[PDB]
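So the chains spell out like this:
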Number of protein chains: 2
Amino acid sequence: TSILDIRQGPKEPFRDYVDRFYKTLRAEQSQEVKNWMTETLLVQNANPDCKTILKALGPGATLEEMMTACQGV
Amino acid sequence: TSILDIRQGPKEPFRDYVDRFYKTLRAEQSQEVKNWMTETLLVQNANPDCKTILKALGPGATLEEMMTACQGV
């Protein structure tokens, strides 16, 4: 599993979810999670007009691509 | 400013927002943003019942506190 895949169940004790979360998080490579982190925040904090184009780019877009797509707004 | 405070305006060119974002991000301490990152994901991915208590704890709760509060679900 990837870190973004770990959902807690609704019959799963919270400590058991937290342990799953963290085993996965540790097996994730620090640099991957970091960029996913920071891009997620960057998109989430962009104005409503840009934010649209940004999500309409699908997963994994580069910063260059993000900025290319938002020209003129 | 903190990283979580950088909102893009609706008259702000996207490249200018991205530059603000990143100057702030760089001035943030790596360890702070990381924990904020990972707790945010952990909360966001918790079941609807737990997730409630977790947000009802307010900003900055410890993992210990998070798990303490979710006992029995």
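Reading the values: the criteria
Residues numbered from 1 in each chain as written, not as in the entry; some residues may be left out. Chains lettered and ligands numbered in written order. Heavy atoms only, no water. Residues with missing side-chain atoms left out of burial classes, pairs and counts. 1 Å grid on protein atoms, 1.4 Å probe; cavity = no way out; pocket = protein on both sides within 12 Å on 5 of 7 lines; lining within 4 Å. Points joined across faces, edges and corners; volume = space filled by probe spheres on them. Nonpolar A, V, L, I, M, F, W, Y, C, P; charged D, E, K, R; others polar. Contact = heavy atoms within 4.5 Å. Buried area = accessible area lost by both parts, 1.4 Å probe. Salt bridge = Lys/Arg side-chain N within 4 Å of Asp/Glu carboxyl O. Core = buried A, V, L, I, M, F, W, Y, C linked by side-chain atoms within 4.5 Å. Buried < 20%, exposed > 50% of the residue type's maximum accessible area, 1.4 Å probe, protein only. Helix = DSSP H or I, 4+ residues; strand = E, 2+ residues; numbered from the N terminus. Expected span 1.5 Å × (residues − 1). Axes fitted to C-alpha atoms, helices over the stretch in contact; angles between N-to-C directions. Parallel < 35°, antiparallel > 145°, perpendicular 65-115°, else oblique. Left-handed = near helix turned anticlockwise from the far one by under 90°.

In terms of determination method and resolution, the entry is listed under X-ray crystallography at 2.400 Å.

In this structure, the largest pocket encloses a volume near 940 Å³. Surrounding the largest pocket, 35 residues form its lining, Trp 36, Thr 40 and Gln 44 of chain A together with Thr 40 and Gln 44 of chain B being those nearest its centre. Here the lining of the largest pocket is built from residues that sort into 17 nonpolar, ten polar and eight charged.

This part is about the interface of chain A and chain B. Across the boundary between the two partners, chain A contributes 31 residues, which contact 31 residues of chain B. Summing the contributions of chain A and of chain B, the shared interface buries around 3,000 Å²; its carbon and sulfur component is 68%. If you sort the residues of chain A by the area they bury against chain B, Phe 14, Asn 45 and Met 67 of chain A come out on top, with a joint share of 23%. On inspection of chain A and its partner chain B, the count reaches zero salt bridges.

A word on the nonpolar core. The biggest cluster of nonpolar side chains holds 38 residues, and the ones touching the most others in it are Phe 14 of chain A together with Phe 14 of chain B. Taken together, the elements giving at least two residues each to this core come down to α1 (14–27), α2 (30–44), α3 (48–55) and α4 (63–69) of chain A together with α1 (14–27), α2 (30–44), α3 (48–55) and α4 (63–69) of chain B. The contact partners of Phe 14 of chain B, leaving out residues within four places of it in the chain, are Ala 46, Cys 50, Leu 54, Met 66, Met 67 and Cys 70 of chain A together with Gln 8 of chain B.

With that settled, consider the environment of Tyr 17 of chain A. In this fold, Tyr 17 of chain A is placed in helix α1. Judged by its relative accessible area of 0%, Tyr 17 of chain A falls in the buried class. The sequence separation of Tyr 17 of chain A and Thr 68 of chain A amounts to 51 residues, and the corresponding C-alpha distance is 39 Å. Dropping the residues within four chain positions of it, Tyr 17 of chain A is found in contact with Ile 6, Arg 7, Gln 8 and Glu 12 of chain A together with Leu 41, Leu 42, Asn 45 and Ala 46 of chain B.

Here we take up α2 of chain A. Taking 1.5 Å of rise per residue, the 15 residues of α2 of chain A would be expected to cover 21 Å, and the 21 Å separating its terminal C-alpha atoms lies within 8% of that figure. For α2 of chain A, every residue scored as buried is listed here: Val 33, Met 37, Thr 38, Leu 41, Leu 42 and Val 43 of chain A. Residues of α2 of chain A that are buried sit in contact with α1, α3 and α4 of chain A together with α1 and α2 of chain B.

Attention shifts here to the environment of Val 73 of chain B. Residue and element names in this part refer to chain B. Residue placement: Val 73 occurs in the segment after α4. Since its relative accessible area comes to 45%, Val 73 is described here as partly exposed. Those residues within four positions of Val 73 in sequence are excluded, and the remaining contacts are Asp 49, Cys 50 and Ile 53.

This brings us to the packing of α2 of chain A against α1 of chain B. At their nearest, the axes of α2 of chain A and α1 of chain B sit 11 Å apart, and the two run at 130° to each other. In terms of their interaxial angle, α2 of chain A and α1 of chain B are classed as oblique. The way α2 of chain A lies across α1 of chain B gives a crossing that is right-handed. Of α1 of chain B, the residues touching α2 of chain A (which contributes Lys 34, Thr 38, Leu 41 and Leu 42 of chain A) are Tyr 17, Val 18, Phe 21, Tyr 22 and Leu 25 of chain B. Split by residue class, the contact of α2 of chain A with α1 of chain B holds seven nonpolar, one polar and one charged.

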